[PDB]
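**Student:** structure for this input, please:
(3 chains, ligands or ions: 5)
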Amino acid sequence: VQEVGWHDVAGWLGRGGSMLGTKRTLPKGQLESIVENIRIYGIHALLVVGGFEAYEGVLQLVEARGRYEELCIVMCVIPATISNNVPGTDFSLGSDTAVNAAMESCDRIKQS
Amino acid sequence: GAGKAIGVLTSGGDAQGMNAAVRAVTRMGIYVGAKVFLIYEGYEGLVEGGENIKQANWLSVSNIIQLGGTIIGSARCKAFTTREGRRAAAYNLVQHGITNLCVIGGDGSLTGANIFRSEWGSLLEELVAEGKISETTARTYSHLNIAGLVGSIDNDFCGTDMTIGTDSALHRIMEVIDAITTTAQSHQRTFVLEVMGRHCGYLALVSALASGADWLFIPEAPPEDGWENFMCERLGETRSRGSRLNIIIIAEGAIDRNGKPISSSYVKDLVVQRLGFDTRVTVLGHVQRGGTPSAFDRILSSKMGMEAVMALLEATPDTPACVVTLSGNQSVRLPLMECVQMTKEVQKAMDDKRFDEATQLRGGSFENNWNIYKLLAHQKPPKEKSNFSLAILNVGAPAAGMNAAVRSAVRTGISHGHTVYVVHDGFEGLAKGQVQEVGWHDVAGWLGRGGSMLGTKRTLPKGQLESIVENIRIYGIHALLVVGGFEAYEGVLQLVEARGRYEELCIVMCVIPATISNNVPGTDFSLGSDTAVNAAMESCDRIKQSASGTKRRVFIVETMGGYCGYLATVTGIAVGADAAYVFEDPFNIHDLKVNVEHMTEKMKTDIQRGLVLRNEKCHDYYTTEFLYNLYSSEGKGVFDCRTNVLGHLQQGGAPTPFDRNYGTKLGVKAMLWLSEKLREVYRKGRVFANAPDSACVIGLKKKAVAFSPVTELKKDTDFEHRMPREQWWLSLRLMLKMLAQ
Amino acid sequence: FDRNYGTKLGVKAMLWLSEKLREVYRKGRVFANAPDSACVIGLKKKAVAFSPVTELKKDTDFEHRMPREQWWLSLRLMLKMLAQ
Ligand SMILES: Nc1ncnc2c1ncn2[C@@H]1O[C@H](COP(=O)(O)OP(=O)(O)O)[C@@H](O)[C@H]1O
Ligand SMILES: Nc1ncnc2c1ncn2[C@@H]1O[C@H](COP(=O)(O)OP(=O)(O)O)[C@@H](O)[C@H]1O
Ligand SMILES: Nc1ncnc2c1ncn2[C@@H]1O[C@H](COP(=O)(O)OP(=O)(O)O)[C@@H](O)[C@H]1O
Ligand SMILES: O=P(O)(O)OC[C@H]1O[C@](O)(COP(=O)(O)O)[C@@H](O)[C@@H]1O
Ligand SMILES: O=P(O)(O)OC[C@H]1O[C@](O)(CO)[C@@H](O)[C@@H]1O
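**Tutor:** Numbering: from 1, shown residues only, chains lettered A, B, ... in the order given. Ligands and ions are numbered 1, 2, ... in the order given. Let me share the structure:
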């Protein structure tokens, strides 16, 4: 974990993929370590932008509140995955680029 | 569904409750279409035969249910032991055409009955051989079927949870001991009471537990060597440290480690010699075998007699002899020889000094009760000194036995080293502070006081939830043992839903259901309903006596109980009411017309009286005034009617021994569970209980305790009518209806 | 061996089952709660033994469905040495 400033994220608008890096890991395997990092840094909100595994992970943190104390923390998901499969959203962030790439690939195949 | 005959007889040691069993057996047997014979004197009249036996109708067993003992004698017999008496009895039964025989009595009568069944065929062969009876009659009556009821106050029969008449004997013991405790406290006299109990100390343990007696003698746990010094240590410790009175219970079958009997006279001589405390000795004698049977004995005996007749009807010759008993709180049916031999093996192993083997053979419930009483009796020095905190509240209406549960909760909490607080006036008081610490001696002697000493209210928390949060923070409470009624359950539910926005309410909560209506969910018998049923029983008995005096009269009794009709149903069974209108059984004008018609027909017979109950809110429109007008109008010319409202008499006076013991048991058990959760969720030196498992209702399920969580139960309650979705006791309404013509 | 082993296990398992079933019958109803009421008949190193089913749980790999330790691991040295 590291603090971020205003200039630290300038120019990242036009870069594909993810700059911070992403994973398919789920919290409940390492939930104790997540609790330790939330306490040491004293975090008070998680804006978990991601795909389906983001939704499932936030669900696990919600039900993890029953025993753990510092997971009483505001959480906000942002659905971003090409498949457009997170619930509660019609268009997920980043599916349009995927449809366009599929469109261009199929156009080239159709020409062949 | 029957075209055969039944025989009913009581034998062995008499115990109040027999008359109710005979009434239920007779009326059920007639209701199915069989022929019932009343065998006076038990086995003696059975052998004698002739006039001692007579066929009975619906009215032969009327106006006896409220009497103790038996009306048909139960005289002990000897000739039935010899085969000459058994063949004479078989001749009498065949001459009356009895092929099914329900025997009520102890283990010895059942043993003799089972032997008589085992040789029935040979006896009929002998009777045909001598020419007394024809072969065709012997072929018609070729088999005998048996159903046994354990009528005893000692409660030693191993196959049964509760034997017929033991609870009423505990009532007689409690009447006597409450009388003694007055003079004992007055003159600082240590008393010695000698209860009954052949070779089972169940009556002694239950009386001691329900009375807070300072020492007990029972054969299941004989006192260790040199127990006299331990007597001196305990009695000196209590009497020096505030104990005005002291009570010593002694079963008549008490023994030592060497099996030698310990005389009550030895107890008196020891206490006088070693301490010089002014003291006396008393033997309750045969008072415990008589009196008006308690409501539990009437209801139980009626149900068990019904089930016994059902067993006789559906039994076959290949089926062995069976006894109808209680497991948990239902009517199971067990084979006879297994329970008899189990009882002989236990009693013999006790005689053989294999005390531990007898302890496991009897059942763990006895040992758990013995351990609970030992813990609660005298103060052991605590050592843990935990950091937790407790606030025990009384919520709802006052109900007999709530003081007992609060007493056990405090003392069990102290034994675990908590810092228990008592909050007066429920959630209303907790909002206004009114919190004080409690010590061990602060709650002594509250076992035998009815109502609630701390005070109770119907207030719910959500109106003053902010003030509750302030008081939880300032006192730093870490658990709430909310003993109370339905409003307790709803209040704890509000605190659960309030956890989402308040950090202070992340607190373990344990409900204890205590309210007369028996309407909290997740519990079968709520603490303090038994005293209410008994008070309703006594009130209706007095009204029934008044009605029988002025012939041709009916009474409309409006019992309490909220929307739940447990109280109206069970008291109707316990007093033989003509009906008990209840919300759970919707009725229209046609049912009331039918009930009036039953009353019109019944008024032609000898029993020119009636009684119909009504829960206070069993119907939106049909008020008690409406029923009074209907019965009087349509019953014009044959009888008149009067109305009564058993108001807060239902809450009863002193708590009955069952409610006293049950409160003590729920207090200790809820405290052990609470001290389990309360440390299982300990983290960062603080408690954080937020899962739904942390808010429960300790309740007596079918077999034993179960801790159902509040949120799961939320789907099994009707908040509008304030009662659970499904109650277990609806089957009893069938018995109530069948026992009326 | 499989016919003999099947026959011998069937007899001995049935005998143990009848023994315990007669042991736990009391007061007219069967009631089997202790862990010894559920076991696996198996030929141990020497002869037959009845291991409680729950007690074996600490020596079972439910991920891969096999015991933690197996006796036949010594045979792998046999296989490798007998080959060049
Ligand atoms: N070995 C037996 N055979 C036949 N009947 C017996 C036997 N033992 C006891 N009884 C019966 O028990 C009756 C009364 O004896 P008792 O033991 O005092 O009654 P209870 O059943 O209450 O223990 C006797 O009349 C007898 O019929
Ligand atoms: N209130 C009591 N009533 C009857 N017997 C008791 C009572 N208290 C103790 N005893 C008997 O004395 C035995 C040991 O006494 P106890 O109070 O447990 O001291 P300790 O901690 O040394 O065991 C107990 O097992 C019991 O048999
Ligand atoms: N007065 C009563 N009303 C309703 N049920 C009762 C009454 N007395 C006893 N019972 C039932 O019979 C059971 C007998 O309890 P007992 O053998 O003394 O052990 P324990 O109290 O630990 O359960 C009780 O648990 C209860 O289910
Ligand atoms: O019966 P509930 O609804 O559980 O509440 C307990 C008390 O409420 C009652 O209705 C009595 O009402 P009040 O005491 O307020 O007059 C009884 O059922 C009982 O004494
Ligand atoms: O000798 P009795 O009249 O049977 O009375 C004493 C005995 O009666 C009993 O009630 C037997 O039913 C025992 O409890 C008691 O020991």
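**Student:** neighbours around the closest residue to ligand 4 within chain A, how many?
**Tutor:** Closest residue of chain A to ligand 4, Cβ to the nearest ligand atom: residue A:66 (31.1 Å). Every residue, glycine included, has its C-beta placed from N, CA and C. Per other Cβ atoms under 10 Å in any protein chain shown, the neighbour tally for residue A:66 reads 15.
**Student:** what's the burial count for residue A:27?
**Tutor:** 19.
**Student:** let me redo that: residue A:28
**Tutor:** Other residues close to residue A:28 by other Cβ under 10 Å number 15.
**Student:** equivalent analysis for the one 4 residues further on, please.
**Tutor:** The local packing of residue A:32 (other Cβ under 10 Å) involves 9 other residues.
**Student:** repeat that for residue A:108.
**Tutor:** When neighbours are counted by other Cβ under 10 Å, residue A:108 comes out with 9.
**Student:** look up the residues forming beta bridges with the most centrally placed residue in chain A.
**Tutor:** Against the mean C-alpha coordinate of chain A, by Cα atoms, centre = their mean, the closest residue is residue A:50 at 2.1 Å. Note on residue A:50: beta-bridge partners residue A:79, judged by DSSP bridges.
**Student:** now do the strands in chain A.
**Tutor:** A:45-50, A:74-79 (DSSP state E).
**Student:** just give me how far the first one sits from the chain centre.
**Tutor:** Taking Cα atoms, centre = their mean, to the nearest Å, the mean C-alpha location of strand A:45-50 is offset from the chain mean by 6 Å.
**Student:** residues of that strand that come out buried?
**Tutor:** For strand A:45-50, the neighbour count (16 or more other Cβ atoms under 10 Å in any protein chain shown) marks A:46, A:48, A:50 as buried.
**Student:** and the last one, by the same measure?
**Tutor:** Applying a neighbour-count criterion of 16+ other Cβ under 10 Å, one finds A:77, A:79 buried in strand A:74-79.
**Student:** picking up where we left off before, export the strands of chain A to a markdown table and tack on distance to residue A:19?
**Tutor:** What follows is the strands of chain A, written out as a markdown table (distance: least, Cβ to Cβ, whole Å):
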| stretch | distance to residue A:19 |
| --- | --- |
| strand A:45-50 | 12 |
| strand A:74-79 | 15 |
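**Student:** and chain A, which residues reach ligand 5?
**Tutor:** On the criterion Cβ under 6 Å from any ligand atom, ligand 5 has no neighbours in chain A.
**Student:** and the residue of chain A that's closest to ligand 2?
**Tutor:** For chain A, Cβ to the nearest ligand atom, closest residue to ligand 2: residue A:67, 36.9 Å.
**Student:** how close does the residue lying closest to that residue once chain neighbours are set aside get to ligand 3?
**Tutor:** The shortest distance from residue A:67 to any non-neighbouring residue, by Cβ to Cβ, 6 or more residues apart in numbering or on different chains, is to residue B:691 (6.5 Å). From residue B:691 across to ligand 3, the span is 29 Å (Cβ to the nearest ligand atom, to the nearest Å).
**Student:** so residue B:691 makes contact with residue A:66?
**Tutor:** Yes. Judged on Cβ atoms under 8 Å, residue B:691 makes contact with residue A:66 at a distance of 3.7 Å.
**Student:** which helix runs longest in chain A?
**Tutor:** Criterion DSSP state H: the longest helix present in chain A is helix A:95-111.
**Student:** give me the contacts around it.
**Tutor:** Residues from elsewhere that reach helix A:95-111 (Cβ atoms under 8 Å, 6 or more residues apart in numbering or on different chains): A:16, A:81-84.
**Student:** make TSV out of these and add neighbour count.
**Tutor:** Converted to TSV, those look like this (neighbours: other Cβ atoms under 10 Å in any protein chain shown):
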residue	neighbour count
A:16	7
A:81	19
A:82	16
A:83	11
A:84	17
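**Student:** by proximity to chain B, which residue of chain A wins?
**Tutor:** Chain B sits closest to residue A:66 of chain A, with a gap of 3.7 Å, by Cβ to the nearest Cβ.
**Student:** residues contacting that residue?
**Tutor:** B:690-692.
**Student:** look up phi and psi at it.
**Tutor:** Note on residue A:66: backbone dihedrals following degrees, to the nearest 10 are phi -60, psi -40.
**Student:** that older thread, show me what contacts the residue of chain A closest to ligand 2?
**Tutor:** Residue A:67 touches B:681, B:688, B:690-691, counting by Cβ under 8 Å, 6+ apart.
**Student:** ok, which pair from those residues is furthest apart?
**Tutor:** Using Cβ to Cβ, the contacts of residue A:67 span at most 9.8 Å, a distance reached by B:688 and B:691.
**Student:** any idea how many residues pack against residue A:23?
**Tutor:** Using other Cβ under 10 Å: residue A:23 sits among 7 other residues.
**Student:** what's the answer for residue A:61, then?
**Tutor:** 21.
**Student:** surely it and residue A:27 touch.
**Tutor:** Yes. Taking contacts as Cβ under 8 Å, residue A:61 lies within contact range of residue A:27: 6.0 Å.
**Student:** check the contact lists of those two and give me the overlap.
**Tutor:** With Cβ under 8 Å, 6+ apart, residue A:61 and residue A:27 have common neighbours residue A:34.
**Student:** ok, so what distance separates the residue nearest to residue A:67 from ligand 5?
**Tutor:** 51 Å.
**Student:** quick one: contacts for the residue nearest to the centre of chain A?
**Tutor:** Residue A:50 neighbours (Cβ under 8 Å, 6+ apart): A:22, A:57, A:77-81.
**Student:** neighbours around residue A:51, how many?
**Tutor:** Neighbour tally, residue A:51, other Cβ under 10 Å: 21.
**Student:** again with residue A:80
**Tutor:** Residue A:80 has 17 nearby residues by other Cβ under 10 Å.
**Student:** and what of residue A:109?
**Tutor:** 8.
**Student:** next: residue A:58.
**Tutor:** Residue A:58: 16 neighbours (other Cβ under 10 Å).
**Student:** kindly check the end-to-end length of stretch A:37-51 for me.
**Tutor:** Separation of the first and last residues of stretch A:37-51 by Cα to Cα, to the nearest Å is 23 Å.
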